[PDB]
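Starting off, we have a lone chain in the form deposited in one PDB entry, written out as structure tokens.
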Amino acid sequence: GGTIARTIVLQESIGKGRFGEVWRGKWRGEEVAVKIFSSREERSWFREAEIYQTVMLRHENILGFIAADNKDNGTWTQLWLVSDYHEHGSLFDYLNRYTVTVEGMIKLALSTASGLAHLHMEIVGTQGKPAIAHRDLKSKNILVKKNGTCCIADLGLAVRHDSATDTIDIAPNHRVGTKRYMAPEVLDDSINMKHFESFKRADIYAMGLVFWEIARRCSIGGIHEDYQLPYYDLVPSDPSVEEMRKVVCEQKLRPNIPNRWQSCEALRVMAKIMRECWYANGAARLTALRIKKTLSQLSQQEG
């Protein structure tokens, strides 16, 4: 029969995605993550399997895809996605559970930038990678590995660009992602969605919000902040598009950069990246590659 899903034994319920339910599984002795969709969730399943099967997608800071499969238990067909297990889980869960070192922060920050710069960069060739925008970049969708670098999951909302024709592989809706991480252009309806660079610019904003969440947990000599989500101070816990538009577009607040980040050098680089990631004009924002370059300077420096 089939060689993946037949041979996997589910052990623990991890939790829900947007669609489909996440499990700890044993494959051939090794631990795996399994994500399971109903027969009516087939568009979501297929599209996510389509993105992970993009040629040249595999980076150390993208989640390692094993396989899409079917599994008939006897009553009903389950649609499976199988991946690498990471015991720490999400960047959200890690930053709630733990503080980090100075070296710890940059490992989390660099890897997330490297992941998105890989995802964004077109690789021309016969085995050629399309440029890929995420559309839902957040701490819940980034996983943390056992080495303490990150990898990006939740590519099911992603869009892919052919540079020759200048087309996106789907006709994209307004307002698909997590409402809290939606960029100002996405919030106020103003984003042009036959411009591909705009979707990349929308991802850099949200990585800025992820970079804030990490930098709060940086324990220099006692002193760290608590875990918070971006706009904990300014919106409710499941916030509306209306509620988010009033803070980000109308009032023009980033997340608040505290005083003691000015003392340490590594936090000021991160603080400068954050405030260069927030910008209501998307064209003002940095590339993931310029962020990757800058953090890779800081990594190969301070003694």
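Only the largest set of C-alpha atoms that superpose within 1.5 Å between the two forms is called the rigid core. The numbering used is simple: start at 1 and walk along the sequence shown.
The same protein also has a form deposited in another entry, omitted here; what follows describes it.
Student: When the rigid core of both forms is overlaid, which of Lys71, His224, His195, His88 is the one whose C-alpha moves 2 angstroms or more between this form and the one not shown?
Tutor: The answer here is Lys71.
Student: So with the core overlaid, does the Cα of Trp23 end up 2 Å or more away between this form and the one not shown?
Tutor: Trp23 C-alpha, core-superposed: shift of less than 2 Å.
Student: So with the core overlaid, does the Cα of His174 end up 2 Å or more away between this form and the one not shown?
Tutor: Yes, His174 moves 2 Å or more.
Student: Core superposed first: is there a CA shift of 2 Å or greater at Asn61 between this form and the one not shown?
Tutor: No, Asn61 moves less than 2 Å.
Student: Would one find the Cα atoms of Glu276 and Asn173 closer or farther in that other deposited form than in this form, where their distance changes by 3 Å or more?
Tutor: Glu276 and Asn173 sit farther apart in that other deposited form.
Student: Given a CA distance change of at least 3 Å, are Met182 and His174 closer or farther in that other deposited form?
Tutor: Farther apart, by at least 3 Å.
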